[PDB]
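Next up, my_file_39.pdb (PDB, C-alpha atoms and all ligand atoms):
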ATOM      1  CA  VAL S   1     -32.123 -20.705 -33.108
ATOM      2  CA  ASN S   2     -29.803 -23.318 -34.635
ATOM      3  CA  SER S   3     -29.332 -24.932 -38.050
ATOM      4  CA  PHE S   4     -30.823 -28.360 -37.306
ATOM      5  CA  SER S   5     -33.639 -29.071 -39.767
ATOM      6  CA  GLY S   6     -36.410 -31.627 -40.161
ATOM      7  CA  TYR S   7     -36.513 -32.838 -36.544
ATOM      8  CA  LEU S   8     -39.595 -33.963 -34.666
ATOM      9  CA  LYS S   9     -39.794 -32.354 -31.218
ATOM     10  CA  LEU S  10     -40.250 -34.935 -28.455
ATOM     11  CA  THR S  11     -39.873 -32.702 -25.370
ATOM     12  CA  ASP S  12     -38.734 -29.234 -24.381
ATOM     13  CA  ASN S  13     -35.128 -30.221 -25.136
ATOM     14  CA  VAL S  14     -35.077 -33.508 -27.138
ATOM     15  CA  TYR S  15     -35.530 -33.730 -30.924
ATOM     16  CA  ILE S  16     -35.366 -36.770 -33.241
ATOM     17  CA  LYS S  17     -34.850 -37.427 -36.967
ATOM     18  CA  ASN S  18     -34.378 -40.391 -39.292
ATOM     19  CA  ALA S  19     -30.884 -39.595 -40.514
ATOM     20  CA  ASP S  20     -27.359 -40.877 -41.008
ATOM     21  CA  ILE S  21     -25.412 -39.108 -38.248
ATOM     22  CA  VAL S  22     -22.376 -38.918 -40.553
ATOM     23  CA  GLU S  23     -24.328 -37.038 -43.220
ATOM     24  CA  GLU S  24     -26.068 -34.907 -40.576
ATOM     25  CA  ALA S  25     -22.719 -33.897 -39.072
ATOM     26  CA  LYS S  26     -21.249 -33.059 -42.483
ATOM     27  CA  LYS S  27     -24.233 -30.790 -43.197
ATOM     28  CA  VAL S  28     -24.696 -29.044 -39.846
ATOM     29  CA  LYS S  29     -21.075 -29.067 -38.629
ATOM     30  CA  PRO S  30     -22.384 -28.929 -35.046
ATOM     31  CA  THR S  31     -20.350 -27.802 -32.078
ATOM     32  CA  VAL S  32     -20.552 -31.338 -30.626
ATOM     33  CA  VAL S  33     -21.194 -34.690 -32.282
ATOM     34  CA  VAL S  34     -21.521 -37.652 -29.909
ATOM     35  CA  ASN S  35     -19.757 -40.910 -30.741
ATOM     36  CA  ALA S  36     -21.009 -44.296 -29.518
ATOM     37  CA  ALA S  37     -17.550 -45.140 -28.185
ATOM     38  CA  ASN S  38     -16.072 -48.083 -26.318
ATOM     39  CA  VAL S  39     -13.589 -47.756 -23.447
ATOM     40  CA  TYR S  40     -10.631 -48.375 -25.784
ATOM     41  CA  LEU S  41     -11.819 -45.836 -28.375
ATOM     42  CA  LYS S  42     -11.507 -48.582 -31.006
ATOM     43  CA  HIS S  43     -13.862 -47.237 -33.670
ATOM     44  CA  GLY S  44     -14.415 -50.441 -35.599
ATOM     45  CA  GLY S  45     -18.125 -50.607 -36.351
ATOM     46  CA  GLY S  46     -21.537 -49.183 -35.658
ATOM     47  CA  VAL S  47     -21.770 -45.423 -35.329
ATOM     48  CA  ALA S  48     -18.121 -45.212 -34.224
ATOM     49  CA  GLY S  49     -16.822 -47.103 -37.244
ATOM     50  CA  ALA S  50     -18.877 -44.881 -39.548
ATOM     51  CA  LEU S  51     -17.784 -41.602 -37.935
ATOM     52  CA  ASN S  52     -14.143 -42.657 -37.987
ATOM     53  CA  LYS S  53     -14.316 -43.632 -41.678
ATOM     54  CA  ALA S  54     -15.701 -40.188 -42.522
ATOM     55  CA  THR S  55     -12.592 -38.631 -40.878
ATOM     56  CA  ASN S  56     -10.274 -40.755 -43.057
ATOM     57  CA  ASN S  57      -9.096 -42.546 -39.842
ATOM     58  CA  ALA S  58      -7.918 -39.296 -38.206
ATOM     59  CA  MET S  59     -10.347 -39.915 -35.330
ATOM     60  CA  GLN S  60      -8.697 -43.293 -34.683
ATOM     61  CA  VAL S  61      -5.163 -41.840 -34.798
ATOM     62  CA  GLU S  62      -6.118 -39.132 -32.293
ATOM     63  CA  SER S  63      -7.924 -41.695 -30.134
ATOM     64  CA  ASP S  64      -4.928 -44.053 -29.994
ATOM     65  CA  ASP S  65      -2.766 -41.201 -28.702
ATOM     66  CA  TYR S  66      -5.445 -40.351 -26.105
ATOM     67  CA  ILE S  67      -5.527 -43.951 -24.826
ATOM     68  CA  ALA S  68      -1.729 -44.255 -24.814
ATOM     69  CA  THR S  69      -1.610 -41.208 -22.516
ATOM     70  CA  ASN S  70      -4.698 -41.687 -20.342
ATOM     71  CA  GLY S  71      -5.730 -45.336 -20.444
ATOM     72  CA  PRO S  72      -9.252 -46.557 -21.152
ATOM     73  CA  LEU S  73     -12.436 -44.690 -20.370
ATOM     74  CA  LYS S  74     -14.979 -45.963 -17.845
ATOM     75  CA  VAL S  75     -18.245 -47.511 -18.977
ATOM     76  CA  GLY S  76     -20.614 -44.587 -18.474
ATOM     77  CA  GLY S  77     -17.785 -42.107 -19.033
ATOM     78  CA  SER S  78     -16.672 -39.814 -21.824
ATOM     79  CA  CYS S  79     -13.915 -37.663 -23.235
ATOM     80  CA  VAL S  80     -13.893 -34.617 -25.517
ATOM     81  CA  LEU S  81     -11.689 -34.909 -28.601
ATOM     82  CA  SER S  82     -11.584 -33.178 -31.973
ATOM     83  CA  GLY S  83     -14.574 -33.316 -34.294
ATOM     84  CA  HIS S  84     -12.225 -33.352 -37.318
ATOM     85  CA  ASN S  85     -14.167 -32.549 -40.526
ATOM     86  CA  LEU S  86     -17.527 -33.403 -38.920
ATOM     87  CA  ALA S  87     -17.937 -31.034 -35.949
ATOM     88  CA  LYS S  88     -15.911 -28.758 -33.719
ATOM     89  CA  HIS S  89     -15.702 -31.448 -31.017
ATOM     90  CA  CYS S  90     -16.535 -35.112 -30.670
ATOM     91  CA  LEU S  91     -17.842 -36.251 -27.295
ATOM     92  CA  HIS S  92     -16.934 -39.947 -27.106
ATOM     93  CA  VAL S  93     -19.476 -41.494 -24.721
ATOM     94  CA  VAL S  94     -19.367 -45.110 -23.541
ATOM     95  CA  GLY S  95     -22.779 -46.633 -23.014
ATOM     96  CA  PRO S  96     -22.952 -50.189 -21.676
ATOM     97  CA  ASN S  97     -22.655 -52.910 -24.311
ATOM     98  CA  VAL S  98     -25.277 -55.545 -23.492
ATOM     99  CA  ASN S  99     -23.479 -57.997 -25.786
ATOM    100  CA  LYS S 100     -20.555 -57.751 -23.317
ATOM    101  CA  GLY S 101     -22.697 -58.218 -20.188
ATOM    102  CA  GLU S 102     -22.360 -54.606 -19.032
ATOM    103  CA  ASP S 103     -24.825 -53.118 -16.556
ATOM    104  CA  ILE S 104     -27.666 -51.289 -18.327
ATOM    105  CA  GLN S 105     -28.062 -49.044 -15.266
ATOM    106  CA  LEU S 106     -24.882 -47.301 -16.476
ATOM    107  CA  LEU S 107     -26.883 -45.928 -19.430
ATOM    108  CA  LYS S 108     -28.150 -43.043 -17.291
ATOM    109  CA  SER S 109     -24.575 -42.205 -16.269
ATOM    110  CA  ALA S 110     -23.575 -42.235 -19.948
ATOM    111  CA  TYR S 111     -26.324 -39.771 -20.880
ATOM    112  CA  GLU S 112     -25.348 -37.468 -17.975
ATOM    113  CA  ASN S 113     -22.214 -36.588 -19.952
ATOM    114  CA  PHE S 114     -24.466 -34.774 -22.449
ATOM    115  CA  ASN S 115     -25.400 -32.213 -19.780
ATOM    116  CA  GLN S 116     -21.919 -30.658 -19.976
ATOM    117  CA  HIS S 117     -22.747 -29.356 -23.488
ATOM    118  CA  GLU S 118     -25.459 -26.869 -24.423
ATOM    119  CA  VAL S 119     -26.318 -28.511 -27.778
ATOM    120  CA  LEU S 120     -25.384 -31.911 -29.226
ATOM    121  CA  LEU S 121     -25.987 -34.120 -32.250
ATOM    122  CA  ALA S 122     -26.129 -37.699 -31.010
ATOM    123  CA  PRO S 123     -27.151 -41.324 -31.559
ATOM    124  CA  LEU S 124     -29.163 -43.323 -29.052
ATOM    125  CA  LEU S 125     -26.614 -44.653 -26.581
ATOM    126  CA  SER S 126     -26.265 -48.436 -26.263
ATOM    127  CA  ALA S 127     -28.524 -48.993 -29.310
ATOM    128  CA  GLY S 128     -27.548 -50.831 -32.483
ATOM    129  CA  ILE S 129     -24.605 -53.191 -32.018
ATOM    130  CA  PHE S 130     -24.396 -52.311 -28.296
ATOM    131  CA  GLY S 131     -27.450 -54.534 -27.844
ATOM    132  CA  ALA S 132     -29.804 -52.418 -25.715
ATOM    133  CA  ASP S 133     -33.461 -51.692 -26.472
ATOM    134  CA  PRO S 134     -33.524 -48.370 -28.390
ATOM    135  CA  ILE S 135     -36.964 -47.538 -26.939
ATOM    136  CA  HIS S 136     -35.484 -47.780 -23.438
ATOM    137  CA  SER S 137     -32.452 -45.733 -24.484
ATOM    138  CA  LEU S 138     -34.756 -42.975 -25.724
ATOM    139  CA  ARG S 139     -36.646 -42.966 -22.413
ATOM    140  CA  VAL S 140     -33.411 -42.651 -20.426
ATOM    141  CA  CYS S 141     -32.240 -39.875 -22.746
ATOM    142  CA  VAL S 142     -35.437 -37.860 -22.254
ATOM    143  CA  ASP S 143     -35.379 -38.402 -18.482
ATOM    144  CA  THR S 144     -31.652 -37.580 -18.086
ATOM    145  CA  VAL S 145     -30.476 -35.003 -20.629
ATOM    146  CA  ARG S 146     -31.469 -31.407 -19.877
ATOM    147  CA  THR S 147     -29.432 -29.715 -22.615
ATOM    148  CA  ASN S 148     -30.593 -29.578 -26.249
ATOM    149  CA  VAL S 149     -30.080 -32.932 -27.960
ATOM    150  CA  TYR S 150     -30.738 -33.717 -31.632
ATOM    151  CA  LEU S 151     -30.984 -37.487 -32.052
ATOM    152  CA  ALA S 152     -30.208 -39.118 -35.395
ATOM    153  CA  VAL S 153     -31.718 -42.575 -35.921
ATOM    154  CA  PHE S 154     -30.255 -44.302 -38.984
ATOM    155  CA  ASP S 155     -32.927 -46.992 -39.398
ATOM    156  CA  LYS S 156     -36.221 -45.651 -40.748
ATOM    157  CA  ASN S 157     -38.222 -48.597 -39.429
ATOM    158  CA  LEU S 158     -36.711 -48.020 -35.981
ATOM    159  CA  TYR S 159     -37.305 -44.269 -36.243
ATOM    160  CA  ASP S 160     -41.007 -44.855 -36.928
ATOM    161  CA  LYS S 161     -41.334 -47.287 -34.013
ATOM    162  CA  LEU S 162     -39.616 -44.897 -31.590
ATOM    163  CA  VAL S 163     -41.927 -42.023 -32.532
ATOM    164  CA  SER S 164     -45.123 -44.085 -32.535
ATOM    165  CA  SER S 165     -44.312 -45.651 -29.149
ATOM    166  CA  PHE S 166     -43.018 -42.512 -27.416
ATOM    167  CA  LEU S 167     -44.800 -41.546 -24.218
TER     168      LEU S 167
HETATM  169  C1  LIG S 201     -29.931 -47.253 -33.057
HETATM  170  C2  LIG S 201     -28.638 -48.007 -32.782
HETATM  171  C3  LIG S 201     -27.539 -47.852 -33.862
HETATM  172  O1  LIG S 201     -26.410 -48.564 -33.472
HETATM  173  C4  LIG S 201     -27.911 -48.445 -35.244
HETATM  174  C5  LIG S 201     -27.509 -47.388 -36.285
HETATM  175  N1  LIG S 201     -26.739 -46.346 -35.567
HETATM  176  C6  LIG S 201     -26.623 -45.065 -36.206
HETATM  177  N2  LIG S 201     -27.367 -43.996 -35.831
HETATM  178  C7  LIG S 201     -27.153 -42.834 -36.529
HETATM  179  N3  LIG S 201     -26.294 -42.622 -37.530
HETATM  180  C8  LIG S 201     -25.554 -43.710 -37.880
HETATM  181  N4  LIG S 201     -24.586 -43.784 -38.875
HETATM  182  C9  LIG S 201     -24.081 -45.102 -38.878
HETATM  183  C10 LIG S 201     -24.731 -45.844 -37.896
HETATM  184  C11 LIG S 201     -25.671 -44.972 -37.251
HETATM  185  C12 LIG S 201     -27.149 -46.374 -34.154
END
File written out as structure tokens:
Amino acid sequence: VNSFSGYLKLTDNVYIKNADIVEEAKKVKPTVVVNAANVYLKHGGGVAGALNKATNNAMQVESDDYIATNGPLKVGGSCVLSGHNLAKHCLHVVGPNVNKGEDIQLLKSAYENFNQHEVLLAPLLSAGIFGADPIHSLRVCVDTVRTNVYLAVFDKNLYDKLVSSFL
């Protein structure tokens, strides 16, 4: 039993809600919140820009030190950093950005990072400003993640379409 509330159950291990992931994180304070990161951990917009703003830019300061030490992530890769005021940890996961020409096949690799964590709050990888089809992202999530994932979908219209079209 966990403290996630109001989710629709899609499968044995995947749940979905129409919610602002920032507000969800502030309420639940989960062990792991997933960020829709880029390889440079530049949290300018989308989910990443919103999560960083909620940390008063502390996520960005920590991220800049991480990159200065380690260099960029791989597309499809991840790193674990602090969750600041939002969660214990933030798993920064890089899904392919279709608006940069990146291979959508890497979306499965991106979701595989979730399997290293028993429970996660997360957005749909590569959705939104990353330019991929959120319906496809949901399918890859369900077919790849085996740990317990609570998906927050900000857009109500998109949330309704994802549920109604789910197979
Ligand atoms: C579906 C693809 C998105 O890029 C569009 C909206 N995104 C979010 N999802 C959940 N919580 C969020 N807070 C701020 C943005 C945001 C994901």
Around ligand LIG 201 (chain S), at most 8 Å away and counting all atoms listed in the file, which residues are there? Put them as a PDB file with C-alpha atoms, in the coordinates of the input, please.
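Result written to result_26.pdb:
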ATOM      1  CA  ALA S  19     -30.884 -39.595 -40.514  1.00  0.00           C
ATOM      2  CA  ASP S  20     -27.359 -40.877 -41.008  1.00  0.00           C
ATOM      3  CA  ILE S  21     -25.412 -39.108 -38.248  1.00  0.00           C
ATOM      4  CA  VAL S  22     -22.376 -38.918 -40.553  1.00  0.00           C
ATOM      5  CA  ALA S  36     -21.009 -44.296 -29.518  1.00  0.00           C
ATOM      6  CA  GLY S  46     -21.537 -49.183 -35.658  1.00  0.00           C
ATOM      7  CA  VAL S  47     -21.770 -45.423 -35.329  1.00  0.00           C
ATOM      8  CA  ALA S  48     -18.121 -45.212 -34.224  1.00  0.00           C
ATOM      9  CA  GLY S  49     -16.822 -47.103 -37.244  1.00  0.00           C
ATOM     10  CA  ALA S  50     -18.877 -44.881 -39.548  1.00  0.00           C
ATOM     11  CA  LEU S  51     -17.784 -41.602 -37.935  1.00  0.00           C
ATOM     12  CA  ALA S 122     -26.129 -37.699 -31.010  1.00  0.00           C
ATOM     13  CA  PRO S 123     -27.151 -41.324 -31.559  1.00  0.00           C
ATOM     14  CA  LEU S 124     -29.163 -43.323 -29.052  1.00  0.00           C
ATOM     15  CA  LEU S 125     -26.614 -44.653 -26.581  1.00  0.00           C
ATOM     16  CA  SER S 126     -26.265 -48.436 -26.263  1.00  0.00           C
ATOM     17  CA  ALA S 127     -28.524 -48.993 -29.310  1.00  0.00           C
ATOM     18  CA  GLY S 128     -27.548 -50.831 -32.483  1.00  0.00           C
ATOM     19  CA  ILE S 129     -24.605 -53.191 -32.018  1.00  0.00           C
ATOM     20  CA  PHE S 130     -24.396 -52.311 -28.296  1.00  0.00           C
ATOM     21  CA  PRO S 134     -33.524 -48.370 -28.390  1.00  0.00           C
ATOM     22  CA  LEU S 151     -30.984 -37.487 -32.052  1.00  0.00           C
ATOM     23  CA  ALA S 152     -30.208 -39.118 -35.395  1.00  0.00           C
ATOM     24  CA  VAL S 153     -31.718 -42.575 -35.921  1.00  0.00           C
ATOM     25  CA  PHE S 154     -30.255 -44.302 -38.984  1.00  0.00           C
ATOM     26  CA  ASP S 155     -32.927 -46.992 -39.398  1.00  0.00           C
ATOM     27  CA  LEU S 158     -36.711 -48.020 -35.981  1.00  0.00           C
TER      28      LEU S 158
END
Q: Fewer than 6 positions away in the same chain doesn't count, so skip those; otherwise give me all residues within 12 Å of residue 13 of chain S, counting only C-alpha atoms, as a count of residues only.
A: 17
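Counting only C-alpha atoms, the residue from S:31, S:133, S:162, S:6 that sits nearest to residue 82 of chain S is S:31.
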Q) So which residues fall inside 12 Å of (-19.3, -29.5, -38.0) if we count only C-alpha atoms? Mind giving them as a VMD selection string? A) chain S and resid 3 to 4 21 to 34 55 82 to 90 120 to 121
Could those residues be written to a file, using C-alpha atoms, as an mmCIF file, in the frame of the given file?
data_model
loop_
_atom_site.group_PDB
_atom_site.id
_atom_site.type_symbol
_atom_site.label_atom_id
_atom_site.label_comp_id
_atom_site.auth_asym_id
_atom_site.auth_seq_id
_atom_site.Cartn_x
_atom_site.Cartn_y
_atom_site.Cartn_z
ATOM 1 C CA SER S 3 -29.332 -24.932 -38.050
ATOM 2 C CA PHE S 4 -30.823 -28.360 -37.306
ATOM 3 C CA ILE S 21 -25.412 -39.108 -38.248
ATOM 4 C CA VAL S 22 -22.376 -38.918 -40.553
ATOM 5 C CA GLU S 23 -24.328 -37.038 -43.220
ATOM 6 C CA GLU S 24 -26.068 -34.907 -40.576
ATOM 7 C CA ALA S 25 -22.719 -33.897 -39.072
ATOM 8 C CA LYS S 26 -21.249 -33.059 -42.483
ATOM 9 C CA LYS S 27 -24.233 -30.790 -43.197
ATOM 10 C CA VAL S 28 -24.696 -29.044 -39.846
ATOM 11 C CA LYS S 29 -21.075 -29.067 -38.629
ATOM 12 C CA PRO S 30 -22.384 -28.929 -35.046
ATOM 13 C CA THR S 31 -20.350 -27.802 -32.078
ATOM 14 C CA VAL S 32 -20.552 -31.338 -30.626
ATOM 15 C CA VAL S 33 -21.194 -34.690 -32.282
ATOM 16 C CA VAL S 34 -21.521 -37.652 -29.909
ATOM 17 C CA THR S 55 -12.592 -38.631 -40.878
ATOM 18 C CA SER S 82 -11.584 -33.178 -31.973
ATOM 19 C CA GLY S 83 -14.574 -33.316 -34.294
ATOM 20 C CA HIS S 84 -12.225 -33.352 -37.318
ATOM 21 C CA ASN S 85 -14.167 -32.549 -40.526
ATOM 22 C CA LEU S 86 -17.527 -33.403 -38.920
ATOM 23 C CA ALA S 87 -17.937 -31.034 -35.949
ATOM 24 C CA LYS S 88 -15.911 -28.758 -33.719
ATOM 25 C CA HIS S 89 -15.702 -31.448 -31.017
ATOM 26 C CA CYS S 90 -16.535 -35.112 -30.670
ATOM 27 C CA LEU S 120 -25.384 -31.911 -29.226
ATOM 28 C CA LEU S 121 -25.987 -34.120 -32.250
#
(Q) Report as a list in words all protein, DNA and RNA residues lying within 8 Å of residue 135 of chain S, evaluated on all atoms listed in the file, omitting residues in the same chain fewer than 3 positions from it. (A) residues 138, 139, 162, 165 and 166 of chain S
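Comparing the minimum interatomic distances between residue 132 of chain S and each of S:167, S:79, S:61, S:106, counting all atoms listed in the file, we find that S:106 sits nearest.
Run against this file, the PyMOL selection byres (((chain S and resi 62) around 12) and not hetatm) gives back residues 41, 42, 43, 52, 55, 56, 57, 58, 59, 60, 61, 63, 64, 65, 66, 67, 68, 69, 80, 81, 82, 83, 84 and 90 of chain S.
In terms of minimum interatomic distance to residue 71 of chain S, S:40 ranks closest within S:110, S:2, S:98, S:40, counting all atoms listed in the file.
Taking atom CA of residue 8 of chain S and atom CA of residue 140 of chain S as the two end points, the separation is 17.8 Å.
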Q: Rank nothing, just name the residue among S:75, S:163, S:131, S:101 nearest to residue 113 of chain S, using only C-alpha atoms.
A: S:75
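From atom CA of residue 107 of chain S back to atom CA of residue 157 of chain S, the distance works out to 23.1 Å.
If you look at atom CA of residue 15 of chain S and atom CA of residue 136 of chain S, they are 15.9 Å away from each other.
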Q.
I'd like the residues picked by the PyMOL selection byres (((chain S and resi 77) around 6) and not hetatm) written out as number ranges by chain, using the chain letters and numbers from the file.
A. S: 74-76, 78, 93-94, 110
